[PDB]
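First the structure, in the form of structure tokens, and then the observations on it.
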Amino acid sequence: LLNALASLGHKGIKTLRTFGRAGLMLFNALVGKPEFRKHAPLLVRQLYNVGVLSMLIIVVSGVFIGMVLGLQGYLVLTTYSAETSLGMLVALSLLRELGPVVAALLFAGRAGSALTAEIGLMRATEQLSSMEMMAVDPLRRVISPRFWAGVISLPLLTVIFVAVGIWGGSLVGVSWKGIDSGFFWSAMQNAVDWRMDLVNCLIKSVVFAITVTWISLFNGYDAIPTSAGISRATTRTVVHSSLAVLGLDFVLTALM
Amino acid sequence: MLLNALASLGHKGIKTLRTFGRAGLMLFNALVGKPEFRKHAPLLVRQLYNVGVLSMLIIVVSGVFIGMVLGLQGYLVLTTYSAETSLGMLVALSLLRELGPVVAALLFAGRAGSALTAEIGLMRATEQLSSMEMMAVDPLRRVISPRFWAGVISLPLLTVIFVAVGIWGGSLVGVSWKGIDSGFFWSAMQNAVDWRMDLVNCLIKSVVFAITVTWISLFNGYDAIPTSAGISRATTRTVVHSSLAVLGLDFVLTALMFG
Amino acid sequence: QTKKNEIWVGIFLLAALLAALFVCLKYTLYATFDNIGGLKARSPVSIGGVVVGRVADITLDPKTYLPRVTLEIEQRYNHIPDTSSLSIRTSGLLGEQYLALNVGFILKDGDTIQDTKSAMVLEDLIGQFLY
Amino acid sequence: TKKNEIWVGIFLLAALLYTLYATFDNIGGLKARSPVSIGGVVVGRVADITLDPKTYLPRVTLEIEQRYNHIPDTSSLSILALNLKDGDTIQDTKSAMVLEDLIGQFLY
Amino acid sequence: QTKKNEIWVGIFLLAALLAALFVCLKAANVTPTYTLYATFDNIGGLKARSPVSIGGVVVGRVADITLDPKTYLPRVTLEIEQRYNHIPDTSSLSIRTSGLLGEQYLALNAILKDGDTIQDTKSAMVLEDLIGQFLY
Amino acid sequence: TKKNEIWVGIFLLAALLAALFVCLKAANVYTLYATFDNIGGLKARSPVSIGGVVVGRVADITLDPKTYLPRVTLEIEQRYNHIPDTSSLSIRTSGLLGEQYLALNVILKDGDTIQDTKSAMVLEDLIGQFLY
Amino acid sequence: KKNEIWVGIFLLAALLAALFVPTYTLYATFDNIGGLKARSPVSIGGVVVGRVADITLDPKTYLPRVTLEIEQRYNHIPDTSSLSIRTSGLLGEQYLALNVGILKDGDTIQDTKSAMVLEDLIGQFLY
Amino acid sequence: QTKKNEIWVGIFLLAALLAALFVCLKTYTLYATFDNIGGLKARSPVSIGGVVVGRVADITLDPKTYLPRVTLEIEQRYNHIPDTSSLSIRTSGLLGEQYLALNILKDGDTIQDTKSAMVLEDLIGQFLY
Amino acid sequence: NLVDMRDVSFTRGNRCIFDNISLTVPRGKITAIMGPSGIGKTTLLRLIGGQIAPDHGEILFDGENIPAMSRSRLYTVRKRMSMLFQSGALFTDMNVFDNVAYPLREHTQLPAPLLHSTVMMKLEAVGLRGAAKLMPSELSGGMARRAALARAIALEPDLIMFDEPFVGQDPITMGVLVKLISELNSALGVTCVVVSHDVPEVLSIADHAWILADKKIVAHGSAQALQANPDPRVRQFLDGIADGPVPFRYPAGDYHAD
Amino acid sequence: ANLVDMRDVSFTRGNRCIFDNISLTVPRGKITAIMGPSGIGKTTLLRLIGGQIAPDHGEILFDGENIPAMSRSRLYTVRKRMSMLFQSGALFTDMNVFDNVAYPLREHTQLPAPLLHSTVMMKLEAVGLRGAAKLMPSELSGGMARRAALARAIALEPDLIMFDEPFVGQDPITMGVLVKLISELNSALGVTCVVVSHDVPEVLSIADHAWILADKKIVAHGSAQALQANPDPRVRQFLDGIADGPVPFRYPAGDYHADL
Amino acid sequence: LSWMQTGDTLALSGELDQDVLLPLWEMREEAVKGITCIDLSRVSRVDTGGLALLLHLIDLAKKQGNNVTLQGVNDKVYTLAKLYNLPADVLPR
Amino acid sequence: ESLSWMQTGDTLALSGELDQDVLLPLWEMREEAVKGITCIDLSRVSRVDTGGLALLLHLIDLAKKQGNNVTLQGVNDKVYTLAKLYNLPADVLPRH
Ligand SMILES: Nc1ncnc2c1ncn2[C@@H]1O[C@H](COP(=O)(O)OP(=O)(O)NP(=O)(O)O)[C@@H](O)[C@H]1O
Ligand SMILES: Nc1ncnc2c1ncn2[C@@H]1O[C@H](COP(=O)(O)OP(=O)(O)NP(=O)(O)O)[C@@H](O)[C@H]1O
Ligand SMILES: [Mg+2]
């Protein structure tokens with residue numbers, strides 16, 4: 001009873017110390033701001049490798065996802081009589097079911113698992129402790145511009161993932177199956193999408209962008225400075241982000 | 001402009017042709033020769049503990065979160081049609097047509113696919129692949145060949161639990177959260193297609209998904225840079241190339257046998 | 001101190017997140033009928049078209065074999081006379097059925113209905129019109 | 001640190017701790033598990049549907065829950081809606097009217 | 001590089017608004033209203049945001065149905081556009097439906113200002129009185 | 001390496017028990033001849049019936065090459081054998097918008113043709129007799 | 001070196017081969033339009049010939065007007081065509097079905113049959 | 001080899017996967033005139049007795065008297081058709097797919113006997129008035 | 001007088017790292033700190049800088065106290081240390097010119113014509129005046145230390161500390177960093193310490209040597225008095241002696257075959 | 001003698017070249033040292049002897065037979081008599097350290113299990129790591145990882161041991177152990193050791209024929225003592241370890257003005 | 001800090017490390033045009049950042065047609081010019 | 001690689017060159033020359049490794065297990081050359 005329970009508490013304290021260090025490091029980077037003209041060349045540098053470098057994975061997979069949902073949606077509407085209504089299941093599925101859920105998993109591969117690499121490699125070659133030593137805080141130079149590079153670029157990349165896969169019905173329905181463009185676009189006009197499907201999708205993509213950035217900027221900072229520890233933290237960044245996007249999806253869909 | 005921009009664009013075409021031909025020669029020499037099952041059969045259990053059963057945390061923690069969200073969003077779509085008894089037709093079909101083995105290959109490439117690149121490439125940085133190359137059989141048949149067949153018999157064997165938990169996750173949101181009867185919710189799945197269209201076609205979809213994922217994982221770890229800056233660069237390169245090899249393959253595979 | 005400082009900040013961040021999780025998951029009567037039709041649990045009861053509450057359960061009398069249902073009415077409208085009537089009407093033309101309280105010209109907690117009308121039956125609508 | 005390792009162990013455990021018989025004329029589109037209602041509220045279903053080899057009439061074997069055992073002889077079945085112990089029969093039955101011949105008495 | 005990432009992030013910033021005009025101008029209707037009261041006895045399917053109609057065109061919505069606490073009659077608050085201020089007392093109100101199972105809308109066949117009341121209205125139709133009057 | 005074969009055998013057992021959840025819980029648990037005039041919406045592999053019970057399926061739907069009348073074939077299992085010759089075949093649907101099925105009502109063995117027929121009715125020509 | 005230049009124009013040629021593969025306004029006058037909105041299919045015999053721009057309204061008489069469009073190829077239509085608003089089944093698609101029994105830019109058609117609603121027809125057949 | 005051998009494998013592997021991206025690609029003409037069409041479109045099913053015999057290539061309008069005309073597509077298995085056979089526009093069910101009912105002519109022929117469709121809004125005007 | 005530390009006993013977990021050590025350097029002299037590989041040597045410089053916090057003792061620096069100061073008054077005194085690392089401590093996003101000019105671009109008191117002059121002639125001391133437009137990834141292992149050496153003298157500090165210099169280089173590169181260190185103390189007058197364990201190269205320009213054994217201090221002689229010193233422990237570390245206090249064999253059982 | 005003879009090897013990878021015309025002999029029973037500066041090819045030089053790479057026009061032999069003329073089976077059965085180690089550690093990490101030394105004698109199934117256990121306990125006793133045969137290689141030291149590969153180096157009785165830069169950044173406590181085992185190796189068994197370390201006072205005390213490699217040419221053919229009296233400037237730059245000399249020592253820079 | 005002028009020469013007083021060069025930089029083009037000698041007698045210490053401004057006074061002085069001499073210079077400039085190898089911008093001894 | 005073992009009494013007549021792979025007829029059959037043997041002769045040899053010495057160390061121990069005594073005569077010099085390399089203790093190779 002007691003010999004197997006004493007080792008259970010050893011992993012229960014280290015979980016609270018790991019999750020407690022992610023809140024203490026973030027609270028030190030969310031303090032009273034300096035002059036914003038200094039971080040203006042530092043913001044466009046950290047927005048290039050996160051926003052622009054994760055643009056090809058969003059757009060190319062956007063036309064591939066939207067054509068599958070248009071093709072598979074035509075199978076379940078053949079048994080029904082709503083074959084002309086391809087405005088649903090190509091747009092409404094990419095707004096609440098897919099969209100911010102599936103593209104956040106693809107954001108954790110190109111810009112999520114590479115964000116913990118460029119901050120984890122600096123812990124091994126002692127670039128963080130050398131930059132700290134001279135005159136500057138390390139938590140406000142390599143983490144704070146990288147925190148705003150994920151909470152802003154991912155809601156701006158989610159609408160690109162929506163607006164690319166939403167004209168797959170112009171390819172699958174129109175000029176392939178023969179669905180009328182007036183019977184496809186106007187079926188999407190009459191659907192009530194202003195509050196439940198437009199701004200509720202935008203709130204869901206904002207809080208998803210904070211959870212991916214908080215884990216990606218912590219696994220590279222809290223790591224053993226060696227080649228095996230960076231690659232171990234790079235693997236655990238995708239697992240902790242996939243269980244946080246899908247984990248906070250059942251809770252967030254109850255407030256529809 | 002007309003010649004200087006062409007001299008570097010075509011040079012990348014030769015480099016991406018030499019890179020694409022190296023992955024074919026790595027998998028061909030790892031599967032032919034002498035297929036004995038005396039030295040590689042204890043190695044098959046060793047390479048399945050860190051790939052197959054180690055990937056169970058993304059099956060129990062997940063699955064119940066993708067199964068309930070397909071029943072919660074499915075119940076809101078099935079409103080004002082009086083088709084709430086047909087919720088099992090929405091759950092048991094979507095896990096075998098669009099979801100299921102497609103999203104499980106993305107989870108396998110980020111958990112077992114990312115760890116496979118960080119295993120061979122970590123060994124070649126400390127010169128472990130070149131050590132066994134001059135004292136025993138070359139490591140293409142020793143440490144690559146059991147790792148290839150481990151991921152092949154894993155992803156079809158892991159997607160059958162993903163489609164069983166998500167159906168069980170859809171049964172939890174159906175009869176215990178919305179209050180529909182269990183007599184007609186399961187009988188709607190008894191009239192759904194589960195032969196020649198849904199159960200066979202999802203198995204062959206996951207077999208071809210279990211080849212293109214592990215091919216990039218065994219190539220970026222074998223063909224990499226021995227410095228530490230190229231190990232993490234090739235680790236994040238595996239997830240991006242496997243996501244285009246699964247979602248890009250799903251468009252040309254759903255055109256066949258689905259209409 | 002650092003070892004004893006990262007524990008209290010970890011149990012306070014999880015307590016604030018679980019408190020944010022609990023906020024993220026957010027008088028009865030009786031009526032004895034002859035036929036209920038297609039009413040189910042949590043079915044709306046209305047008067048004049050506007051809803052005032054819902055029903056709780058739909059049970060059966062073990063002796064007289066008549067369907068007796070229980071409803072609920074909020075405290076905003078209390079002055080209802082005891083000569084009211086209950087009519088079985090459906091929403092629209094073929095939608096889900098509701099209960100229309102046809103009030104007449106004191107109802108406490110635990111009273112029964114008086115003028116209960118039977119539900120619509122399609123088998124007599126083609127029988128009385130023919131025969 | 002030993003006393004605070006054995007009490008947080010159980011604190012993590014506390015963080016998780018009878019059949020009737022009837023026959024009809026034309027049953028129509030009747031299928032399996034069709035509910036029978038005592039005036040609307042569900043009480044049971046059907047289990048077996050066969051036809052007679054002599055007169056070829058579709059008989060219906062239905063089941064009622066054992067809480068209701070006060071069923072008179074004047075009980076009639078109408079397609080299932082009900083207007084007798086285990087192993088008894090039901091004689092006065094009205095069957096489902098198909099929509100192909102009721103219009104024939106309306107046209108002519 | 002400085003002059004290399006600054007060019008590519010400008011295409012990233014215009015794609016944010018290019019994805020914005022492909023949603024608001026395409027999939028939605030985003031691009032000084034007085035209040036009138038009306039009393040019925042059977043509003044039918046009169047829910048919130050019901051389109052007010054005179055001649056088929058939409059001239060406004062409604063806010064919320066409210067029950068009278070004294071005579072137990074339903075009341076609906078009407079909000080019509082400021083462009084139409086020439087409606088007399090003679091104009092009646094008939095609750096109609098746009099089809100068989102269409103949406104129950106309000107059809108409209110001195111001049112009223114803010115605070116005015118109307119007298120002669122017509123409620124919706126119930127299925128029980130229509131088949132009862134046809135047979136009897 | 002003793003714990004490796006135990007966890008692999010758990011993974012092999014979890015892959016077999018989960019296959020029973022998509023098989024046992026899911027849907028993986030003589031030929032006659034006739035002809036009609038109007039079919040409606042039938043196709044191949046249709047659940048033919050003698051009033052609500054299923055007995056077989058439809059192989060194909062063909063047409064005559066001389067009069068251009070459609071011929072319908074169906075298979076009936078050997079458990080139900082004695083059927084009279086004046087058993088008319090009528091075309092009905094499962095409710096309102098369900099799949100249509102041949103609802104026959106009561107010895108025609110293999111190779112025999114059912115003579116009496118009753119074709120389906122479209123909604124365009126019944127209103128010509130209903131109103132006029 | 002020259003073989004690398006030959007495939008450099010071949011990667012460009014393989015890319016380019018994959019990349020290779022008059023209305024005039026009318027006016028109408030109705031009493032009730034029913035479920036009529038923009039982009040409604042106008043027709044003479046079922047085959048669509050145009051659509052509508054918007055539905056306007058005068059603030060004094062309260063008479064809704066339809067701004068429908070006709071292509072230039074259809075030019076033999078007179079002003080005596082009966083614009084009967086027929087509905088397309090039960091979906092409420094009140095399409096403009098004009099029936100000829102010369103309409104150019106800026107003409108009001110006299111023969112205009114309004115869409116009769118179903119709430120007074122039950123008050124007419126029964127009463 | 002390092003440079004020579006790794007080129008021929010790359011073009012051979014690209015000639016097998018890109019060739020699989022091209023293998024995913026899943027009559028005599030009659031003529032008739034009309035008055036009302038309804039809800040017909042391209043690839044509309046033409047049928048005898050209820051069973052489909054072909055499709056519809058295109059549908060246009062004759063710009064002289066403004067009468068619609070459609071193009072037919074019948075297979076060569078059925079040829080013995082008379083001029084008595086009419087053509088009515090019906091639907092498959094309540095509001096299903098609009099089809100063409102066909103209750104010896106060759107390619108490049110016409111049918112004079114046809115029956116137009118009826119809109120239920122015009123039926124509501126005749127049943128009331 | 002003393003400037004580094006009096007008595008530090010830093011333990012990390014259950015394994016002890018330092019057990020009552022005492023270091024004393026002069027002002028403007030080369031101090032040799034020899035130690036075996038595996039003992040705390042990188043974490044010894046972290047206690048003087050302020051990255052980690054010690055448990056017991058005091059760390060004093062010019063009439064002050066290092067573990068008693070806050071975040072303020074520590075950031076301002078830390079500009080006089082300018083430590084150098086074994087690996088590449090310079091960044092990879094910027095070039096070599098922006099790497100040396102980075103610690104002098106936090107104040108920016110010198111304008112843009114004055115900015116290009118003070119960094120270009122500073123690279124002429126280490127010899128990297130011509131390598132001012134290259135990439136740090138293209139540099140070698142010895143040129144990365146000379147790029148951080150010119151970066152360490154950008155603010156003119158008073159106590160430079162190195163982290164095992166020329167530990168794995170050729171003797172051509174090993175002769176560069178020895179002459180560059182000794183010319184910075186003979187002309188500028190800045191104290192710099194060497195913690196490397198290269199006995200025939202650290203004990204060439206040193207003035208005070210410290211031998212590290214059993215996480216304590218066993219010898220504190222100069223560069224001349226430690227060679228002629230009778231001790232079996234400090235002669236084991238010197239001039240490559242295998243057998244001595246280190247038994248060079250793991251303790252085992254009975255050595256019998258079965 | 002003449003075990004490799006390395007005649008006319010270049011091994012040009014791309015626009016840069018590693019060697020041009022180096023040619024040195026290796027006698028039998030002696031220890032050959034090839035020293036040189038960092039940055040140039042030193043790890044890739046030992047791969048030419050084993051056969052993992054192929055030169056341009058080279059003449060690498062192994063006792064008469066030609067290594068580019070070898071097949072896949074002829075490249076084997078002579079690689080088993082080399083047993084070249086590495087600097088970063090040529091030992092595995094999935095198993096313990098007892099199975100790490102017994103790796104190249106277990107796939108060669110000719111020794112029974114009582115005789116297999118006695119062979120490893122004699123190999124690890126010669127390097128001083130027999131009492132620590134029950135650990136994982138992740139918690140090993142920097143000098144102890146090279147001693148675990150030295151016990152595996154003599155497991156198959158080789159003829160040419162290649163030391164891929166030993167004790168390059170090690171403690172002189174651990175450097176004295178590695179310099180003693182190699183010097184006592186040729187005094188009892190007679191195996192040629194090829195050391196490519198650049199640490200001058202340790203590589204010259206145990207060698208008999210040193211070969212200084214400077215500017216991809218063998219600029220020294222003398223013994224371990226004859227190179228100290230060589231008046232060549234390229235030779236008297238690496239052995240003594242001076243700052244200035246034939247190298248420009250700062251950079252090949254340009255103009256001193258226009259930057260201030 | 002003072003930069004007074006006799007009429008042909010100027011005198012430099014105080015320190016010059018990195019931050020007291022700001023008032024001298026804005027008027028560094030008017031205090032060289034009539035200068036034949038530079039004095040640094042009343043100074044304490046000079047570093048690398050202060051020596052950069054001393055190099056930025058000879059580069060615009062020799063282009064007019066007159067050169068400049070140095071008198072009363074401590075050894076701190078002389079032991080620092082050999083570290084950065086300044087051949088002719090700073091006059092030795 | 002002749003590997004001839006002949007029982008001429010208590011001399012064992014050990015001849016032949018064994019390194020790693022020809023120890024199988026000698027290890028599987030070793031219960032015939034341990035019971036009455038005192039002297040072991042190693043004169044007609046050329047070279048011996050630690051693989052052949054591993055079988056030799058398990059045979060001096062086996063003849064000392066019944067335990068008359070084991071003495072060695074006519075032994076080559078290569079056996080004691082590597083004995084100081086492997087750090088061999090006493091009472092396992094009697095040379096005097
Ligand atoms: N954050 C840490 N967590 C655990 N162990 C640590 C940590 N920091 C240092 N150590 C250990 O503390 C000991 C002191 O090593 P260190 O101060 O780095 O000197 P060093 O060994 O000469 N440099 P190095 O050999 O590169 O580690 C080593 O055993 C480290 O592994
Ligand atoms: N596969 C390769 N691709 C490109 N360059 C390579 C490759 N392998 C080796 N090199 C280069 O070839 C040169 C020879 O270096 P190497 O043989 O590793 O000896 P070394 O420099 O002493 N060891 P190290 O300093 O760790 O690289 C180096 O400049 C390497 O970067
Ligand atoms: Mg190397």
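Ordering of the structure tokens sets the chain letters (A, B, ...); residue numbers start at 1 within each chain; ligands are numbered from 1 in the order shown.
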
Would you mind listing what lies within 12 Å of residue 132 (chain F) as a list in words, with only C-alpha atoms counted and same-chain residues fewer than 5 positions away left out?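 Everything that qualifies: residues 107 of chain D; 125, 126 and 127 of chain F; 126 and 127 of chain H.
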
Residue selection dump (N, CA, C and O atoms) as a tab-separated table (two decimals), in the first residue's frame:
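Output file out_39.tsv follows:
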chain	number	residue	atom	x	y	z
D	107	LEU	N	-62.23	8.45	-54.74
D	107	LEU	CA	-62.43	8.78	-56.15
D	107	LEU	C	-63.74	8.21	-56.66
D	107	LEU	O	-64.50	8.89	-57.37
F	125	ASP	N	-49.97	12.08	-62.80
F	125	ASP	CA	-51.17	11.65	-63.50
F	125	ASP	C	-52.30	11.22	-62.56
F	125	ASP	O	-53.41	10.97	-63.04
F	126	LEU	N	-52.05	11.13	-61.25
F	126	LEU	CA	-53.14	10.83	-60.34
F	126	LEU	C	-54.00	12.06	-60.08
F	126	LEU	O	-55.20	11.92	-59.81
F	127	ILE	N	-53.42	13.26	-60.15
F	127	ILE	CA	-54.18	14.48	-59.96
F	127	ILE	C	-55.08	14.78	-61.15
F	127	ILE	O	-56.04	15.56	-61.02
H	126	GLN	N	-55.96	27.51	-60.75
H	126	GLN	CA	-57.08	26.84	-61.40
H	126	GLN	C	-57.99	26.15	-60.40
H	126	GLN	O	-59.21	26.10	-60.61
H	127	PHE	N	-57.43	25.63	-59.30
H	127	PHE	CA	-58.26	24.98	-58.29
H	127	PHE	C	-59.06	25.99	-57.48
H	127	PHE	O	-60.15	25.68	-57.00

Enumerate as an mmCIF file with N, CA and C atoms, in the first residue's frame the residues within 9 Å of ligand 2, counting only C-alpha atoms and all ligand atoms.
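Result written to result.cif:
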data_model
loop_
_atom_site.group_PDB
_atom_site.id
_atom_site.type_symbol
_atom_site.label_atom_id
_atom_site.label_comp_id
_atom_site.auth_asym_id
_atom_site.auth_seq_id
_atom_site.Cartn_x
_atom_site.Cartn_y
_atom_site.Cartn_z
ATOM 1 N N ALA B 224 20.879 13.263 -42.858
ATOM 2 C CA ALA B 224 20.793 14.521 -42.130
ATOM 3 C C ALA B 224 22.196 15.102 -41.994
ATOM 4 N N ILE B 225 22.322 16.122 -41.152
ATOM 5 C CA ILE B 225 23.600 16.775 -40.882
ATOM 6 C C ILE B 225 24.086 16.294 -39.520
ATOM 7 N N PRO B 226 25.364 15.923 -39.372
ATOM 8 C CA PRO B 226 25.846 15.422 -38.071
ATOM 9 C C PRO B 226 25.919 16.475 -36.972
ATOM 10 N N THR B 227 25.801 17.761 -37.292
ATOM 11 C CA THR B 227 25.782 18.787 -36.263
ATOM 12 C C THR B 227 24.436 18.795 -35.541
ATOM 13 N N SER I 140 35.145 29.163 -37.664
ATOM 14 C CA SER I 140 35.713 27.938 -37.127
ATOM 15 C C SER I 140 35.534 27.912 -35.609
ATOM 16 N N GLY I 141 36.111 26.900 -34.956
ATOM 17 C CA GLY I 141 36.030 26.819 -33.509
ATOM 18 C C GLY I 141 36.932 27.803 -32.798
ATOM 19 N N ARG J 13 35.099 16.451 -52.677
ATOM 20 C CA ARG J 13 33.652 16.382 -52.490
ATOM 21 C C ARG J 13 32.916 17.329 -53.435
ATOM 22 N N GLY J 14 33.202 18.624 -53.340
ATOM 23 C CA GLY J 14 32.550 19.609 -54.182
ATOM 24 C C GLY J 14 33.523 20.599 -54.787
ATOM 25 N N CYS J 17 38.504 20.752 -51.993
ATOM 26 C CA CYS J 17 39.176 19.463 -51.977
ATOM 27 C C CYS J 17 39.868 19.261 -50.636
ATOM 28 N N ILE J 18 40.000 17.998 -50.240
ATOM 29 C CA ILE J 18 40.518 17.647 -48.925
ATOM 30 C C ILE J 18 41.993 17.269 -48.981
ATOM 31 N N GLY J 36 47.751 17.190 -37.457
ATOM 32 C CA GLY J 36 47.389 18.303 -38.303
ATOM 33 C C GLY J 36 46.473 19.283 -37.598
ATOM 34 N N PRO J 37 46.264 20.453 -38.199
ATOM 35 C CA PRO J 37 45.388 21.456 -37.584
ATOM 36 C C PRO J 37 43.919 21.083 -37.735
ATOM 37 N N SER J 38 43.077 21.851 -37.051
ATOM 38 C CA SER J 38 41.643 21.615 -37.088
ATOM 39 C C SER J 38 41.020 22.283 -38.311
ATOM 40 N N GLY J 39 39.865 21.761 -38.716
ATOM 41 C CA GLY J 39 39.164 22.283 -39.872
ATOM 42 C C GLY J 39 39.379 21.449 -41.117
ATOM 43 N N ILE J 40 40.593 20.927 -41.282
ATOM 44 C CA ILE J 40 40.927 20.090 -42.429
ATOM 45 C C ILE J 40 40.432 18.673 -42.172
ATOM 46 N N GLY J 41 40.451 17.839 -43.208
ATOM 47 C CA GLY J 41 39.946 16.484 -43.109
ATOM 48 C C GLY J 41 40.787 15.557 -42.258
ATOM 49 N N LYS J 42 40.264 15.192 -41.092
ATOM 50 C CA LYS J 42 40.911 14.254 -40.182
ATOM 51 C C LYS J 42 40.045 13.045 -39.868
ATOM 52 N N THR J 43 38.732 13.237 -39.727
ATOM 53 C CA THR J 43 37.824 12.113 -39.537
ATOM 54 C C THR J 43 37.612 11.351 -40.841
ATOM 55 N N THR J 44 37.544 12.068 -41.963
ATOM 56 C CA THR J 44 37.360 11.447 -43.269
ATOM 57 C C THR J 44 38.620 10.765 -43.790
ATOM 58 N N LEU J 45 39.773 10.986 -43.154
ATOM 59 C CA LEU J 45 40.991 10.298 -43.568
ATOM 60 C C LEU J 45 40.975 8.839 -43.130
ATOM 61 N N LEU J 46 40.452 8.565 -41.934
ATOM 62 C CA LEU J 46 40.394 7.197 -41.431
ATOM 63 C C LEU J 46 39.290 6.377 -42.083
ATOM 64 N N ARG J 47 38.275 7.026 -42.659
ATOM 65 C CA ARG J 47 37.236 6.296 -43.375
ATOM 66 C C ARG J 47 37.725 5.771 -44.718
ATOM 67 N N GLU J 165 41.000 10.669 -32.922
ATOM 68 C CA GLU J 165 41.402 11.769 -32.043
ATOM 69 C C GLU J 165 41.132 11.481 -30.569
#

Within 9 Å of ligand 1 (counting only C-alpha atoms and all ligand atoms), which residues show up? I'd like them as a ChimeraX atom specification. /A:223-225 /I:12-13,15,17,35-46,86,163-164 /J:142

Tell me which protein, DNA and RNA residues are within 10 Å of residue 165 (chain I), counting only C-alpha atoms, leaving out same-chain ones fewer than 4 positions away, and put them as a list in words. residues 84, 85, 86, 87, 142, 145, 169, 174, 177, 178, 194, 195, 196, 197, 198 and 202 of chain I

Interface residues on chain I facing chain K, 10 Å, only C-alpha atoms, written as number ranges by chain: I: 104, 107-111, 113-127, 153-156, 180, 183-184, 186-188

Could you pull the residues within 12 Å of residue 32 (chain H), counting only C-alpha atoms, minus those fewer than 6 positions along the same chain, as a list in words?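 Near neighbours after the sequence-gap exclusion: residues 56, 59, 60, 61, 62, 67, 68, 69, 70, 71, 72, 73, 83, 85, 86, 87, 88, 100, 102, 108, 109, 110, 111, 112, 113, 114, 115 and 116 of chain H.
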
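Using only C-alpha atoms, one finds that the residues of chain D close to chain B, at 12 Å or less, are residues 31, 32, 33, 34, 35, 42, 44, 45 and 46 of chain D.
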
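Across the model, the gap from CA of residue 166 (chain J) to CA of residue 243 (chain J) is 24.5 Å.
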
Excluding region 52-56 of chain L and residues on its chain fewer than 3 positions from it, collect all residues at most 12 Å away from it, counting only C-alpha atoms, and give them as a ChimeraX atom specification. /I:257-258 /J:111-123 /L:1,3,14-30,34,40-42,45,47-49,59-63,70,72,78-80,82-83,86,88,92-93
